[PDB]
Amino acid sequence: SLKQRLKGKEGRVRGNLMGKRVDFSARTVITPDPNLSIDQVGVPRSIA
Amino acid sequence: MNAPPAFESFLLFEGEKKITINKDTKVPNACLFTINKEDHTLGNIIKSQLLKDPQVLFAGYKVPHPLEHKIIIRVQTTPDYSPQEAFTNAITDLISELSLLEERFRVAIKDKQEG
Amino acid sequence: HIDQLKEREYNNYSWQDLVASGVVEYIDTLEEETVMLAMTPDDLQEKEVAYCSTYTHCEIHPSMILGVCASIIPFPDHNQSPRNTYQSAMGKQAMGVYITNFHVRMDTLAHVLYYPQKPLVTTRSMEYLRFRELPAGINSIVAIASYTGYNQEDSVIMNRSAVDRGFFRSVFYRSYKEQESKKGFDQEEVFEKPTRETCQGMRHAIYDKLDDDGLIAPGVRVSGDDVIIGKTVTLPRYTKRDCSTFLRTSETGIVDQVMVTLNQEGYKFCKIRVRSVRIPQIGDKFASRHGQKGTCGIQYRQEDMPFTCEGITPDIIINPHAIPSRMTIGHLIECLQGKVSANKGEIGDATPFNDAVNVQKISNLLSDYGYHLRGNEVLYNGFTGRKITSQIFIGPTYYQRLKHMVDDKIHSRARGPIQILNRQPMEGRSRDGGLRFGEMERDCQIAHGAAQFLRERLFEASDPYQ
Amino acid sequence: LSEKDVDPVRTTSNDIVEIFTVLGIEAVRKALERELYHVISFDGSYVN
Amino acid sequence: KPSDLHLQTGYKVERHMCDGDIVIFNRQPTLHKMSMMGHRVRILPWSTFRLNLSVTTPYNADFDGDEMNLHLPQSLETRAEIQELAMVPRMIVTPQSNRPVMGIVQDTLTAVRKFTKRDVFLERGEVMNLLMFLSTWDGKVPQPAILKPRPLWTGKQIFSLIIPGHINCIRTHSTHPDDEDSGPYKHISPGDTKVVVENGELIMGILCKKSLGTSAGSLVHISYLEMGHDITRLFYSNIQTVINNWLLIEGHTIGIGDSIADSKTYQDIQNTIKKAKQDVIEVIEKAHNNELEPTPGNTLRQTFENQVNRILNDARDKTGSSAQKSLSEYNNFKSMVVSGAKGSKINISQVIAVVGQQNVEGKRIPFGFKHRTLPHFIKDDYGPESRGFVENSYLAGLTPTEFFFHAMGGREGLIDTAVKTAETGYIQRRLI
Amino acid sequence: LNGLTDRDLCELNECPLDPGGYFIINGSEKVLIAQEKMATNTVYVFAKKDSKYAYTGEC
Amino acid sequence: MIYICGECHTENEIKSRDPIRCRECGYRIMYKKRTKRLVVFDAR
Amino acid sequence: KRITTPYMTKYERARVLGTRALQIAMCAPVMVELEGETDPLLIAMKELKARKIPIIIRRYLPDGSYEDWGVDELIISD
Amino acid sequence: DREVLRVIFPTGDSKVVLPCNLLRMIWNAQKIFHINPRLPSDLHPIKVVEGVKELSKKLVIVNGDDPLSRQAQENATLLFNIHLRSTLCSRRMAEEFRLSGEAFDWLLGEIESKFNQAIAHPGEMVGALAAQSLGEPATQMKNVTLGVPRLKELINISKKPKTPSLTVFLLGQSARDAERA
Amino acid sequence: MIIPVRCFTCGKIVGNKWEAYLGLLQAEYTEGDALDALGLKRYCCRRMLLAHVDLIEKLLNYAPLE
Amino acid sequence: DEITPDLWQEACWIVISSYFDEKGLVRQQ
Amino acid sequence: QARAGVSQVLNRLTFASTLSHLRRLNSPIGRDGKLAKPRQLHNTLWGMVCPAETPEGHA
Amino acid sequence: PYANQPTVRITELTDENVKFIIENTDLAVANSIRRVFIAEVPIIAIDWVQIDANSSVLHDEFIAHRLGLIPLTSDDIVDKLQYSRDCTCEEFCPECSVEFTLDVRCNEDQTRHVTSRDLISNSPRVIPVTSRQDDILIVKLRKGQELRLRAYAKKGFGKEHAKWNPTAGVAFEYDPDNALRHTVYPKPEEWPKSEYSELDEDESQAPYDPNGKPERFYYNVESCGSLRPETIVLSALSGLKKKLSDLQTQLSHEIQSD
RNA sequence: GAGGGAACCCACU
Ligand SMILES: [Mg+2]
Ligand SMILES: [Zn+2]
Ligand SMILES: [Zn+2]
Ligand SMILES: [Zn+2]
C-alpha cells in the first residue's frame, strides 16, 4: 500500500530521502600502506 | 584488473628519464638523484660506495613507494667536492670492484676445474 | 575387538559387530544425563581419591565433540574459542578442489585451486573428512615478522616469486544458462547470431565471437562487453529484437565449455562455463586454520623477501600483533610442528586432546634437526643483506585462500543506470549501482557542518529534479 | 527523605521519574547528568 | 569527430580523477564524525584502497577484509568544504573526549618503544637511512650522542628530529615504578621510564601508547594543540616512516619461545593452582559440614560462590603475576604489552600460566545436566574443574571439559556482540 | 548411485567422495537443514515470567 | 555445426531448429567443439 | 552595533573559499596578482590570505535580523 | 576564588577541563625566552596583576556592557579566570615560574589567542555532535544495571527501572556507629 | 592436482621428482629417507613432495569428453 | 585382554575409523 | 506464513563446506530475538553439537 | 678512487651448485650480488604458448604455466639472444626466441606422462634441462586425450617473472660467529652453530668486535639447471656491471645537459 | 553505448 511505501527504513522517507544511492562513489577492499600520509588514500587506476 | 605489467618495474617508457638531478636547497653541496626503474640493488651499492668516500658528508637512498620503481639518492659532500662527481666516482669504483671480482672469480673457477 | 577391527576388509568385522557385541552403545542427551562418563580409560584406572568408581561409559575419543569444520583446526585446545569459531566459519570459504568431477559440473560459481596440498600438521579426524583427498590450502613458509609495515592490522605480505610459481593460483568458473522459449508463437526466442541491419536494440557490442548457432565456442577470450549467447525474439523492418546473454562486467576470461541440450519441456537450452584464472593479488583474503584472516597488503619478490642462511624466504609474512590479543597459540604450535614435520618427513599429529604431543617434545625434535628449538631463525634483510637483529619465528603453516578476492568486490560509479520508481542509482556492482549515502552518513555530515556536501550527496548526485 | 536521622540534602535515587516528581526539573536535570556520567565512566571512558 | 573536441571558456570537462583530488572516505558503521574524513587521492597500481595505519583507529578499520566507500565531491564548493572542514589532519583531535582519535599503532608503537630505549645506538649509515625518511628534516645531521670510540647516535636523537617545533611534554612510560617520583632518582630515571620532551627534543624516556597514542596530554595531542594540523600530519607520517624503516634493521617477531616460561615458574604456577584448589576443597567441606557463616546481604549460595570465586581469582592473579615476573626483556609478548600496541597482561597470563575461570552470565558454568556441568563429573560437584576453572594455559592446551567450558565462555562474547549491535544502533538513531 | 562402486560412479561422471544426502530440483542441489523443535509427548513445567500464571505444565 | 556427444564421444551434425540428440545413441546433451581461433597464453 | 563574533568561523571560511573558487572558475576577475597558479582553490585561498575576497557574509541572528561582515573585516585566525 | 571553588567542587577534585593549558604555556615561555630559574627576574609583580586583570577583561564569551551581560560574562569564564589568577599568581610568577617581562607579555598574548580559538563557532551542529559523542562510546559498552541497558533506561524515561535504588546518607552519630545505622 | 614444477619458496625443480618419490615409497623407504635420496634438503622443497596430493590420478578415471 | 595405555590411541582411532567406514558423515540424512 | 530456509542451495565452494552444510541444524526462533538463552552453548551439547561451529551475526 | 679489492675462494663447485666466499668487500655489494643472482640473471624460458588441442584434465592456462616453469639450457645462447622488445623482427624470430612444439596423443590403455622430453625445440642449444634424474612432468593423459601446442621461449630475468630465475637457493651468510652482534640472541646457547663457524663446542658466540664490519660473505648458489652455477655468478657480475655502466652513461648525459 | 520487480537463503565487515 501507500503507507508501506512511506513507512520503515526501506520506505520513501527513510530509505530515499534521509539517505539514498549516490553517483560518483566507489567501494573496495582496504589494504595498508605505511608510505602514504594520513590525509592520503591510495586509489586503484580503474576506480580513478 | 589493476595489475601493472611485470616489465614496468625495470623498463623506462617513452619520455621517462633514467636519472635526474635536483639541487637540495636545504644545505649546500647536496643533490637528489632520482633514478627511475631501479630498486634497492643499485641504491644500496651506490649508497655504500658513497659512504666509503671521505669527502661525502651524507649519502642515502630510499624507495619512496615499493609499488613505484624509483630510487632517491641524496648525496651531500664537502664544499671542495661535488655530489655529481661523488656519484660518478662511486659508480666508477663499483665498476672497478665488479671487474676485479669477475676476473678473480674466473681465475678461481679455472683453478677449481683444473684441480 | 581391536585385533578384529584391524582387518575389516578380511574378517568382515565392522562397527556394527562392535555394537552387537555389547561393547559400544548409542547414548542420547536425555540418557546421557544419567550416565557416568570417563573421558579416557586413564580414569577407569585410578587411585587415591578416585573421584568415581561407578563409571558406566567411556568416551571413544574426546575430539569427537567437534564437528566437520572444527576438526581441521590443528591444536584447537591451544586457541581461544572465538578463533575456533572463526576458523569453522572460514573453512567453508576456502579454495580447494570442492569435488572430483568439477569438470562435468557447470555450477554458477566454482573456485578450484591449482595446487592444493594436504596439511603437514593434521588431526586424525581429517582422515574421515577426506581432507587428505580434497584439500583446501597450501603449506606456506610463514614468517611472523614486522617487515616494511605492509602486514599491519591483519595483513599478510606474500612472495611474488612464489605467486609466479603457482602459489595459491586458482580458477574461477562461472556458468551462464539460457534457453529458447516461445511465449506463444508471438515471441518464439531463438539462438542465432544477430545481424546489425536485422535485429532491434543491440547493446553496441560485437557478435563476431559467436558461432553460427548463436553460441560462442570454447577457447575464446571474452571480456565485459562481450556477448556469449546470441538470442533474438521476434517482434509481433526490425522483425526481431535482441535479448542476448552478456558476460558479466569487468571479469575477463575464456569460454571453458559450451553445453547444449533440451530442458524439461523440450526447448533448446545452453550452459556456458567461462574460466578465469585468479592469480593472488593485493587485497585477496588468506587465512590460517586458527581464525587469522587477512588481506594481502603487498607482494615482494624473492630478492626482496627476508631470507635465512639457507636462502629460504617466507611465502607469507604475518604481523606479530595478530597473535597476543587473539591468543592463537595453536598457530605457533602448528608452525613449529610443521617445521619438524617437513624436516623429519612425516605428517604431524595435532589431534586436540593428546598428551603424547607437547610443545617441549616438538621443540626437542626441532633441535634435533639443526634448528633453534623454539622455531626462530636468524633472518637477513632482503633489501640490504644485513642480519635482522631479532630472530624471526618461521616455518610451514597451512594457509587457505578464501573466496573473497578484491576483483569480485571493487566497484566504482560515475553515472549510469537509475531505478524506475525513484530515479536514484541502482543496487549493487552487478547492476552498476551507486553506494548508499544512508542516514548515519547524513548524521556525520550534519556534525561536520558540510551543508553543501550533504546537499550534493542527497540531492544532485542522486536524483536532481525540477 | 522525611525519615529520622536521614540526610535530607544528599540522599538521592537512581530513578529519574521519581526524582522529577519529588524534587523538580532542575534537580532531575542534575540527576540525569549524574546517571549518564556514571554509565559513561563505568568503563573509565571519558566524554566531554 | 574533432570539431566536437573544441573547448570554449565556460565548458566543463569531466576529467578522470587524478592525484591530489579531495575525496570523502567512509567506513560503515558511521558512528562518529571521524568515520567520514577527507583524503587526498594518490593513484597506485593495484585494486585496493590503500590507507594509512594511524587512520585505521578513527575508522575502526582493519585489513581482515574491510571494504570502504569513497565519495568524490563533484563541485568546487563541496571540494573546498571538505578541504577546509573534513580533512584527516583537521579531524585529529575529537570534540568528544578532547583527545586525539588517531595514534601510533602496531608496528610503529612497538618499535618506538624499542627505538627510544636507552641502549639503542645507530651507526652513521643507519642514521643516514633513517634521516632519508624524515620529510621535515632540515638537512643537518645532528652531532652524535657518542663521538668516540665510534660515532653513534641514539634513537632519542632521531626521534627528537622527528618531533616537530618546540613541543614540551612530560609523560610516564607504562613500566614506570610507583615509588620512583619520591626516590633520589626522580629526574635521572634508572629505568628510563619518565618521558621528557623539551624544545621538541626527546630528552629522556621510553615512548609508548601513553606518550604517542590516543590519550589526552600525549605527544601527538600537544603537537596538535601547539603546531596545528599540517605539522601534526607530517609528525604522524614521519614517525611511521622512520620507525618502520628502522624496524627493518631491528626486526620484531612473536614465537612459541615467548610463551615458554621457566621450569621454576611452571613449578610456582602448579603450586599456586594446587594450593588454590585445596582451598576451594576446604571451603566446600566447610559449606558441606554446615560451618560456613553467611555474610550480610547474601544467601549461603552467594557467600559460597563469592568466596570460591575470590579464591580462584586470587589464584589467577598470582599465577599471572608469576608469569609476568618470569618474562625476560627479550620477550615479545612483553614487548607488545609494554608498548601498548597489542595485548594485555591478562593475555600473557592466559597464554603462559592459567586461562582462568569460564563464566556464563556472570556466574560459573551452570548445572546444565541434573546437578552436573558435564556427564564426566559426579553430581553436586562445586569444585573448580567441574564448574569451569581452566587450570591450564593456552600453551599447555585445554582438557576436553576445559575446552568445552571455554567454548561456553566465548559463545557469550559472540552473542553479546551480535545482540548489542542493533540496540546500540537504535540508541544512536534516537539520539540523533 | 546406490550400491555402486567407485569405478561405477566414475563411469557415471560422479565423484565417489560425494556424500549424497541432497536432492536435485531443477538442476539445483538442495539440502534439507534439520529443524529443532521441542520434544513431543513430554510434560515440561516452566515459570511464565510477568504473567498471571505462576507455573505452567505443557505437553 | 560439430557437437560432441556427452556419452559416446561422437561428432554430431546439428543445424538450426534441429532437435538436440545424438544420432548414434540418442543422448540428449551435446557440447560445442574447441574453437579454431588461435588464442595465446603467456606462460606466466 | 555588531554583536556577532569578529572572527570568521570555519564554516564561513569553507563556504567563502568554495564560493570564491567557483566564481574564479567561472572567470570572475582575480583580486590579487597570481604567480602561475591555475587551481581556483589556491587562488581563492591566497585572496583570503591577502584579505581581498569581494564577498559580504550575512549572518542571521535568531530573532530574524542580520549583520553584514566583509571578509576583509573578519579575522583569519585559522 | 578559593572559597567559590570549594563551593563548586565540594569533593576536592581539582582536575578540570579548561581551554588554555597555562602550565604548558608558562613552560613554553620559559623555553622560548631562555628563562634562567636561578637568577632574579626583571618582571614587576604589579605588571603580573595588571596584565591578568586586562587579560581577563579581554577574554569575552558574553558580549555587552549591561549588568545582565556583565553577569553572564563573569559566570561564563569563572573557572578559567580563577585558574588564570591562581596560575599567574604574582608570587608564583615571582618565585616559581621566574618569567621575564617579554615572556609574560608573550604569555598574555598566547593565552588570549588560544582562548579566542576555543570559543564555539556559530553554526556548530552541537546536538548531532553530542548524539554521536554519546552513541559512539555505547558501542564499546547490589545488582545495579549499567552499560547499554541502563543508558536505554535513562534516555527512554522509564517509570520502571530494572533495579531502582536509593543512596541513603545518615546524619550525625547515626552515620558513625553501626548500631544506630 | 599435479606436482608443481618448481618449489614455491625457492624454485628448485620438484616436478621430475614425484614419480621417483613414489617409487622410493614403494621400495619401503620412509618419507624422510625418500626425500633425502632425491636431494630435497631444504624443508621448503621437502614439503612440496611430502604434502602433495596427486588429484590427477583420480581426475584421469573419468572418460574424456574431448 | 585389556587394552594397555600405550596402545589406547591406536585402538580408539581404529574403532573411530570403523565407525566412519560404516556410517560415513551424512548417515542421518 | 510458512517456515523459510528449510531447503537451501547446497554449498559447493569446498568439500568441507558441503559436509558442513549436509550436517546442519537450525533453531527456528527469530534471529531478531535479543535473548541470549537459545543462542548460548548449552551443557547438553557435549558430543552432539560442535561447540565451535556457529555463524557470526544474527544467527 | 675507494674501490674494494674483493677476493674469491671457491670451496665447492658441482654441476648444480657453487659454494664460494667473498672477502674484503662491503655488505651492500654482497647483497646486490645475491639480488642479481635471484632477479637479474637472464635465462631462456617459455613465455608464449598457443595450444591447438588440449583434451587433458588440466586446462590451457594451467598447462601454459607448467610449461613456463620448465627450465631450458641457456648456456652461451642467452648471451647472444635478444630481448623481444629490442629485436627488429615483427613478432618472433630465431634471433630473439626459440620455438618449441609438443604433440602427444595417448592411444593406449596405460596413462601417458607428457613430460619435458616431449618438448621438441627447433634450436639444439636450448633444450629442457632434464633432456641432456627423470623428466619434468607436464601433464598426464588417459586414452583418447591429446595435447598439441606451440611455444616460444624468450630471454628475460627474474625481476619480470620467477620462471626466469636461474637459482634454486642462494644461501647467503656473513659473520657466522656473531662477532658483530648484527643479531642479538636472547639465549645464545640455544642456537646451533653455523656451518662456517670457527668456535669450539663449549663456546656459543665470538667476542664482540666494536671495530668490525661485515667483510667475509659465504654463498651457496644452487642452480635450477638453466645455467651452470659458475655461469650464474659470472653473468650476475656482468649484469650488475652493465647496469652500473648504463647508469653512469645516463648520469654523464644528465650532467652534461645541465 | 543501456530494459523488470518481489520474496527467501547464504555470506562479508
Ligand atoms: Mg575488519
Ligand atoms: Zn551419442
Ligand atoms: Zn624449496
Ligand atoms: Zn626477433
# chains A, B, ... in the order shown; residues from 1 in each chain; ligands from 1

$ interface_residues --of "chain M" --to "chain B" --cutoff "8 Å" --atoms "only C-alpha atoms" --output "number ranges by chain"
M: 1-10, 13, 26, 28-29, 31-32, 35-36, 159-161, 230, 234, 237-238, 240-241, 244-245, 247-248, 250-251, 254-255

$ residues_near_ligand --ligand "ligand 3" --cutoff "6 Å" --atoms "only C-alpha atoms (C1' of nucleotides) and all ligand atoms" --output "PyMOL selection string"
chain J and resi 7+9-12+42+44-45

$ select_by_dssp --residues "chain H" --states "strand (DSSP E or B)" --output "list in words"
residues 7, 56, 57, 58, 59, 60, 66, 67, 68, 69, 70 and 75 of chain H

$ residues_near_ligand --ligand "ligand 1" --cutoff "9 Å" --atoms "only C-alpha atoms (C1' of nucleotides) and all ligand atoms" --output "MDAnalysis selection string"
(chainID C and resid 153:154 294) or (chainID E and resid 60:67) or (chainID N and resid 13)

$ interface_residues --of "chain C" --to "chain H" --cutoff "9 Å" --atoms "only C-alpha atoms" --output "list in words"
residues 449, 450 and 452 of chain C

$ residues_near_ligand --ligand "ligand 2" --cutoff "10 Å" --atoms "only C-alpha atoms (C1' of nucleotides) and all ligand atoms" --output "list in words"
residues 3, 4, 5, 6, 7, 8, 9, 10, 11, 12, 21, 22, 23, 24, 25, 26, 27, 28, 29 and 30 of chain G

$ residues_around --residues "residue 20 of chain L" --least-positions-apart "3" --cutoff "8 Å" --atoms "only C-alpha atoms (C1' of nucleotides)" --output "list in words"
residues 67, 68, 69 and 92 of chain C; 16, 17, 23 and 24 of chain L

$ write_last_selection --atoms "N, CA, C and O atoms" --output "PDB file, in the first residue's frame"
ATOM      1  N   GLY C  67      32.835 -30.760  15.242  1.00  0.00           N
ATOM      2  CA  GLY C  67      32.129 -31.036  14.012  1.00  0.00           C
ATOM      3  C   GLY C  67      33.071 -31.212  12.846  1.00  0.00           C
ATOM      4  O   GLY C  67      34.234 -31.583  13.003  1.00  0.00           O
ATOM      5  N   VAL C  68      32.552 -30.945  11.650  1.00  0.00           N
ATOM      6  CA  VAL C  68      33.335 -31.156  10.437  1.00  0.00           C
ATOM      7  C   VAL C  68      34.382 -30.062  10.278  1.00  0.00           C
ATOM      8  O   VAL C  68      35.571 -30.340  10.100  1.00  0.00           O
ATOM      9  N   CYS C  69      33.961 -28.803  10.352  1.00  0.00           N
ATOM     10  CA  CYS C  69      34.876 -27.716  10.040  1.00  0.00           C
ATOM     11  C   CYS C  69      35.767 -27.353  11.215  1.00  0.00           C
ATOM     12  O   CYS C  69      36.779 -26.673  11.028  1.00  0.00           O
ATOM     13  N   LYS C  92      34.723 -23.053   5.358  1.00  0.00           N
ATOM     14  CA  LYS C  92      33.726 -23.182   4.310  1.00  0.00           C
ATOM     15  C   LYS C  92      33.921 -22.174   3.189  1.00  0.00           C
ATOM     16  O   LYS C  92      33.220 -22.257   2.177  1.00  0.00           O
TER      17      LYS C  92
ATOM     18  N   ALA L  16      34.663 -29.286   2.504  1.00  0.00           N
ATOM     19  CA  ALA L  16      34.322 -29.035   3.899  1.00  0.00           C
ATOM     20  C   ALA L  16      33.013 -28.272   4.021  1.00  0.00           C
ATOM     21  O   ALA L  16      32.215 -28.547   4.920  1.00  0.00           O
ATOM     22  N   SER L  17      32.774 -27.307   3.127  1.00  0.00           N
ATOM     23  CA  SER L  17      31.514 -26.569   3.144  1.00  0.00           C
ATOM     24  C   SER L  17      30.336 -27.470   2.812  1.00  0.00           C
ATOM     25  O   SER L  17      29.264 -27.340   3.409  1.00  0.00           O
ATOM     26  N   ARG L  23      25.285 -31.469   7.357  1.00  0.00           N
ATOM     27  CA  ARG L  23      25.085 -31.836   8.754  1.00  0.00           C
ATOM     28  C   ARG L  23      24.692 -30.619   9.573  1.00  0.00           C
ATOM     29  O   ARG L  23      25.250 -30.383  10.645  1.00  0.00           O
ATOM     30  N   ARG L  24      23.740 -29.839   9.080  1.00  0.00           N
ATOM     31  CA  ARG L  24      23.422 -28.542   9.652  1.00  0.00           C
ATOM     32  C   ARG L  24      22.090 -28.593  10.386  1.00  0.00           C
ATOM     33  O   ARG L  24      21.106 -29.149   9.879  1.00  0.00           O
TER      34      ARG L  24
END

$ residues_around --residues "residue 32 of chain L" --least-positions-apart "5" --cutoff "12 Å" --atoms "only C-alpha atoms (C1' of nucleotides)" --output "number ranges by chain"
E: 418-423; L: 39, 57-59

$ residues_around --residues "residue 415 of chain C" --least-positions-apart "6" --cutoff "9 Å" --atoms "only C-alpha atoms (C1' of nucleotides)" --output "PyMOL selection string"
(chain A and resi 22-24) or (chain C and resi 425+432-434+461)

$ write_last_selection --atoms "C-alpha atoms" --output "compact mmCIF listing (two decimals), in the first residue's frame"
# COMPACT_ATOMS: atom_id res chain seq x y z
CA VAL A 22 24.60 8.25 -4.98
CA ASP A 23 26.61 8.78 -8.13
CA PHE A 24 30.38 9.36 -8.00
CA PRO C 425 21.16 4.83 -8.71
CA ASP C 432 26.44 -0.67 -11.96
CA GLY C 433 24.74 0.81 -8.94
CA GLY C 434 25.69 3.54 -6.54
CA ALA C 461 24.48 13.23 -7.08

$ closest_atom_pairs --of "chain M" --to "ligand 4" --cutoff "6 Å" --atoms "only C-alpha atoms and all ligand atoms" --output "tab-separated table"
residue	atom	partner	partner_atom_place_in_ligand_line	distance
M:84	CA	ligand 4	1 (Zn)	5.8
M:87	CA	ligand 4	1 (Zn)	4.6
M:88	CA	ligand 4	1 (Zn)	5.9
M:89	CA	ligand 4	1 (Zn)	4.3
M:92	CA	ligand 4	1 (Zn)	4.5
M:93	CA	ligand 4	1 (Zn)	3.9
M:95	CA	ligand 4	1 (Zn)	5.0
M:96	CA	ligand 4	1 (Zn)	4.1

$ closest_residue --among "L:47, L:5, L:56, L:13" --to "residue 27 of chain L" --atoms "only C-alpha atoms"
L:5

$ interface_residues --of "chain A" --to "chain E" --cutoff "9 Å" --atoms "only C-alpha atoms" --output "list in words"
residues 22, 23, 24, 25, 26, 27, 28, 29, 30, 31, 32, 33, 34, 35, 36, 37, 38, 39, 40, 41, 42, 43, 44, 45, 46, 47 and 48 of chain A

$ interface_residues --of "chain F" --to "chain J" --cutoff "9 Å" --atoms "only C-alpha atoms" --output "VMD selection string"
chain F and resid 7 10 to 14

$ write_last_selection --atoms "N, CA, C and O atoms" --output "tab-separated table (two decimals), in the first residue's frame"
chain	number	residue	atom	x	y	z
F	7	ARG	N	34.52	-47.19	-9.18
F	7	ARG	CA	34.67	-47.28	-10.63
F	7	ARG	C	33.34	-47.05	-11.34
F	7	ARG	O	33.29	-46.37	-12.37
F	10	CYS	N	32.61	-43.38	-11.19
F	10	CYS	CA	33.46	-42.60	-12.08
F	10	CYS	C	33.08	-42.80	-13.54
F	10	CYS	O	33.26	-41.89	-14.36
F	11	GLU	N	32.54	-43.97	-13.89
F	11	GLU	CA	32.00	-44.16	-15.23
F	11	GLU	C	30.73	-43.34	-15.46
F	11	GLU	O	30.40	-43.05	-16.61
F	12	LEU	N	30.03	-42.97	-14.40
F	12	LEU	CA	28.84	-42.13	-14.47
F	12	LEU	C	29.17	-40.66	-14.30
F	12	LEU	O	28.24	-39.85	-14.16
F	13	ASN	N	30.46	-40.31	-14.28
F	13	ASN	CA	30.94	-38.95	-14.04
F	13	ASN	C	30.45	-38.40	-12.71
F	13	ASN	O	30.12	-37.22	-12.58
F	14	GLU	N	30.40	-39.27	-11.70
F	14	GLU	CA	30.07	-38.89	-10.34
F	14	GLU	C	31.30	-39.03	-9.46
F	14	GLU	O	32.10	-39.96	-9.65

$ residues_around --residues "residue 22 of chain K" --least-positions-apart "2" --cutoff "12 Å" --atoms "only C-alpha atoms (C1' of nucleotides)" --output "PDB file with C-alpha atoms, in the first residue's frame"
ATOM      1  CA  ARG C   8      37.679 -55.050   8.330  1.00  0.00           C
ATOM      2  CA  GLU C   9      38.439 -55.981   4.724  1.00  0.00           C
ATOM      3  CA  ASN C  12      34.132 -58.784   7.681  1.00  0.00           C
ATOM      4  CA  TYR C  13      34.200 -57.446  11.247  1.00  0.00           C
ATOM      5  CA  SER C  14      32.782 -53.942  11.273  1.00  0.00           C
ATOM      6  CA  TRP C  15      31.411 -51.292  13.604  1.00  0.00           C
ATOM      7  CA  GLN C  16      28.009 -52.999  13.612  1.00  0.00           C
ATOM      8  CA  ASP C  17      29.693 -56.105  15.016  1.00  0.00           C
ATOM      9  CA  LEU C  18      31.193 -53.865  17.699  1.00  0.00           C
ATOM     10  CA  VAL C  19      27.696 -52.634  18.583  1.00  0.00           C
ATOM     11  CA  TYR C 128      37.415 -39.268   7.733  1.00  0.00           C
TER      12      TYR C 128
ATOM     13  CA  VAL K  15      37.273 -48.055  16.292  1.00  0.00           C
ATOM     14  CA  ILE K  16      36.626 -44.481  15.100  1.00  0.00           C
ATOM     15  CA  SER K  17      37.845 -45.486  11.633  1.00  0.00           C
ATOM     16  CA  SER K  18      35.461 -48.445  11.769  1.00  0.00           C
ATOM     17  CA  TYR K  19      32.575 -46.134  12.685  1.00  0.00           C
ATOM     18  CA  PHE K  20      33.295 -43.825   9.767  1.00  0.00           C
ATOM     19  CA  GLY K  24      30.067 -42.138   6.939  1.00  0.00           C
ATOM     20  CA  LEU K  25      29.185 -38.494   7.515  1.00  0.00           C
ATOM     21  CA  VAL K  26      25.700 -37.883   6.056  1.00  0.00           C
ATOM     22  CA  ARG K  27      24.123 -41.021   7.504  1.00  0.00           C
TER      23      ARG K  27
END
